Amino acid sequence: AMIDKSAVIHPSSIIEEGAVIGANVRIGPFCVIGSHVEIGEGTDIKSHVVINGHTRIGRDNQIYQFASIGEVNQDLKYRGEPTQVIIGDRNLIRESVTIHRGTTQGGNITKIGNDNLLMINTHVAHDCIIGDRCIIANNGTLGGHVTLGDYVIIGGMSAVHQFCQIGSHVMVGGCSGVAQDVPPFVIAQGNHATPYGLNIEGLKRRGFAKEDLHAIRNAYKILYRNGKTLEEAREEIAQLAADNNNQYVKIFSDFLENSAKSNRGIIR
């Protein structure tokens, strides 16, 4: 009925009545799909996969064996509310990845964008927000309410503490504990993680203009290397966004203005 006739579902799998399976979807054996799951066109699901909850999965995703998507979260305040997982298009979700449903107190939604790679045993906790083209290496873990920007790389066996915000194009080294906000374009390394410079080797593969590197490093220099306080290093970078009007300096500025709304602070 609600299963598209072009979908290929292995007979051994259990598809709960009410699940929406799009065109050209493939589902392997020994899967369990909940009655509120929606799976977009072209998505490929291997064997031994569990998908439940109010979960929306987009187009052309690949979900490998022993993955768990949309499951009850690990927050002790969750009370069975119809919270959601929302996954975009063309994501790679490897073996034993866990993506838990959100909480009402945290915004109701755990959200993942497009073109992401979640390696083996990646955990995405309740109410996380992952942008586009991110990579979380093996055993990576995001705490509750964690926000990732675009083109973020989380190294292997690294954890981001709850509520922390990771700016776009950040690289977190392997075996690193992130306990504060990480401004965009910077390398985070250590336990707890500290700024290790800019992600220059990564920004160059993205195709950044040479004099856009200098504008970004100026904001990094003002924030970390000029010996100024948070508010004073924030006034200067915000002034550069209006005088020189560099799109990356404004992004680097927008992050610090949003991090000022909370008592987390930034890594230093």
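Sequential numbering from 1, following the sequence displayed.
According to the PDB record, 193-201 carries the higher mean C-alpha B-factor of the two stretches 164-172 and 193-201. Of the two segments, 176-184 and 121-129, the one listed with the higher mean B-factor is 176-184 (C-alpha atoms only). Per the PDB record, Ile237 has a higher Cα B-factor than any other of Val50, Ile39, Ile63, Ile237.
Of the candidates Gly34, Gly70, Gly227, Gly28, the deposited coordinates give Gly227 the top C-alpha B factor. Annotation for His214: C-alpha temperature factor in the highest third relative to the rest of the modelled chain, per the entry. The PDB entry assigns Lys221 a C-alpha temperature factor belonging to the highest third of its chain's modelled residues. Sorting the modelled residues of the chain by their CA temperature factor places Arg206 in the highest third. The entry lists a Cα temperature factor for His145 that places it in the middle third of the chain's modelled residues.
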